[PDB]
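A quick write-up on the structure given underneath.
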Amino acid sequence: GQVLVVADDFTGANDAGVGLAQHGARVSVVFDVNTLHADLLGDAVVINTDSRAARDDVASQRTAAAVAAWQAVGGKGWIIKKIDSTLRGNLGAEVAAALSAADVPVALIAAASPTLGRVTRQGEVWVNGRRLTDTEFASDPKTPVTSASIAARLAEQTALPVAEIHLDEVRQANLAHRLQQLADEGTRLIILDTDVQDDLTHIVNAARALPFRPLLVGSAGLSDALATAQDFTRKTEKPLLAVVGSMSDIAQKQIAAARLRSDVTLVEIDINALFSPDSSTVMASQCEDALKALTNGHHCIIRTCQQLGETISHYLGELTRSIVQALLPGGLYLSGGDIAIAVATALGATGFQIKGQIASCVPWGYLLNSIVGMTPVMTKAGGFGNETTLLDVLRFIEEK
């Protein structure tokens, strides 16, 4: 379940860390492997060997040492050796060291970052329409690149046997069988074409179907694909409590988009069940439902499905007050205007100090004199925004 990233510079290390963090991981860059310990392993560790311009033997020793340090404290899961997408650096020395340390039959080298314009075709890196050696990245002034061929570049520093798998063969359903075959034959480095991100997904899927964990070697593209495949559980410490009484079409869209997420829980309030005498019992249950969501790190969205609107606004005001007294949350989002004022009033607020706005239509700030203290509060008028407005509020609370 754990990931080790070994990068040869600052930017590679950051890009890896950011990708893992965006996909739910607890991730840190550790400056000296001698501060590595077991509690730092979950979910990902990133080490910068700062070896892009170093001697090949130093680059190799540092890469090997990073892997061994992670293993020594109980690291087990996936190791990715991050390389320059434009093939600068001590590629062969570092890949060989990482593979030796990993002690598995093969490394999968899938270097492409398609969304950044780097692809691999017949074993060679192309950048925006040209082979790598036909671009500026091959023009020094620290690490000149003398070949677009990944094999040729590796061969400058390691004689490990290699094999290329070009794009049509990559895309076959039986890729994992082909990888195993190459491993069985004594191939050590397998270099894979890639044109789009789906190719890297497929490659990681094949990697995961092997009876061992191969070393992974790539740039941002492979790192992103690995991060996705880990399926990290998204958990925010102080999540949003959202109370939505708008029946408008755009609110359904906004909520649906949030609903797609695995860290979002809906509590649905039936309007019809508001007039039965068990309404109190049912409210207590909705309240309990909200608590469980928030205490387990899920954003919680409460939503409904003349005097009607008023009975509804009062009830949600009452439920929200109930939830606050039972408790978190990291923020409170209220929509539309009727809900906002009913809920704020129910929380004893005398006003709303506005600090700014989110997503061009969600005022945010703090309620004054209310039982939620300095909890950020957000509002939105009915009908406003687009499909991702609630997603934008979620991100705001997560970053808090």
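Residue numbering for chain A follows Swiss-Prot, covering 9-313, 334-355, 367-439 in order.
Quick reminder: no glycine exception, Cβ is built from N, Cα and C everywhere.
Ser254 is the residue from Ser254, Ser270, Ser284, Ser287 that Swiss-Prot records in the ATP site together with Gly375, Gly376, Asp377, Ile378, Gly421. Annotated substrate-binding residues in Swiss-Prot are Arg60, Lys90, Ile91, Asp92, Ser93, and among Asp17, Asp40, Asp111 the one listed with them is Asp17. Rounded to the nearest whole angstrom, the C-alpha distance between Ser93 (substrate binding site) and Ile378 (ATP binding site) is 51. Neighbour counts of Cβ atoms within 10 Å were compared across the binding-site residues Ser93, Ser254; the minimum falls on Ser254. Between the CA atoms of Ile378 (ATP binding site) and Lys90 (substrate binding site) there is a gap of 50 Å, rounded to the nearest whole number.
For the pair formed by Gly375 (ATP binding site) and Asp92 (substrate binding site), distance between Cα atoms is given as 49 Å, rounded to the nearest Å. A Cβ within 8 Å of the Cβ centre of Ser254, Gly375, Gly376, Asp377, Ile378, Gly421, the residues given for ATP, is found for these other residues of the same chain: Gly253, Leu373, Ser374, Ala379, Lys419, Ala420.
Within 10 Å of the Cβ of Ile378 (ATP binding site) there are 26 other Cβ atoms, across all protein chains.
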